[PDB]
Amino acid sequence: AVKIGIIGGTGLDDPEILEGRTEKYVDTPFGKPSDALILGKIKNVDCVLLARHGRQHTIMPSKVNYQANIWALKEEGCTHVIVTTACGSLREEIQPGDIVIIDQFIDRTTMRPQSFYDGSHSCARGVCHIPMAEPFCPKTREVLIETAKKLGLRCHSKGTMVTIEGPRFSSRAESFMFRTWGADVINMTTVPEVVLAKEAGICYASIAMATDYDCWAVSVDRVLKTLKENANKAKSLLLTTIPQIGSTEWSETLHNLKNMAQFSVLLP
């Protein structure tokens, strides 16, 4: 049995995607999640939706409680966590409106807790050095890619996301530099969300939606406009992907993830 946690980004957190909805506020050892958890289903698969920035988008990327969000979904019994996020394109071929099933990231954040094992919580004892060679679940990404193809959507099979601290957008010099580093898209929320999901032994995948070409220009109005015009794509992709995830066996994949997380912890 699988359970899909869904974290919705800016303008990509529609509750109506779930059938048989029930609101549920929870608490965690790391604090309160961005907003209430929305329990429901897509066909016969159980899901838990959560708005990353709150339903009214009042939380900036740097202040999102990534620890509480991931811990809450883990506590609900989620086996997978598929998220949505807007991003700027750093490559001509990645056009606004395109979907990118990212497989790598480059961290440019500075003031964000990236581990549950901070030495101050009894629920997470020891020092954890989680491997990040392959940050996103290959199997989950594969289903997303094939479903996008079945839907006939413009979708890139891989891509490197550079996550900046924000809330400001990048300068032109920074934008050029990121391209030379090998970054393909840019956002403000992938890190540490992907890191914490790995520590939790959860299958994590991200649906990145290009909304602009950054400035190599971007603005909040441009981002919001493109999201409004393309939100249906992420919704259709999730609706079609999830029942497919639920029809396959994940015990082995989840076992390997649990082992990796478990053996990354150094106890006294």
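Each form is matched to the other, and the largest set of C-alpha atoms that superpose within 1.5 Å is called the rigid core. When you see a residue number, it is the position in the sequence shown, counting from 1.
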Between 8-16 and 240-248, which has the larger RMS C-alpha deviation from this form in 9 other deposited structures of this protein after core superposition?
8-16
Any chance you could tell me whether 223-231 or 34-42 drifts more in 9 other deposited structures of this protein, judged by RMS CA distance from this form after superposing on the core?
223-231
Looking at the entry, does 44-52 or 203-211 show the higher mean C-alpha B-factor?
44-52
Do the C-alpha atoms of 122-130 or of 193-201 have the higher average B factor in the entry?
122-130
Highest Cα temperature factor in the entry, among the options 90, 73, 111, 151: which one is it?
111
Place residue 236 in the lowest, middle or highest third of its chain's C-alpha B-factors, as listed in the PDB entry.
lowest
Residue 39: CA B-factor among chain residues, third -> middle
Would the CA B-factor of residue 217 place it in the lowest, middle or highest third of its chain?
highest
Rank-wise, by C-alpha B-factor, drop residue 60 into the lowest, middle or highest third of its chain.
middle
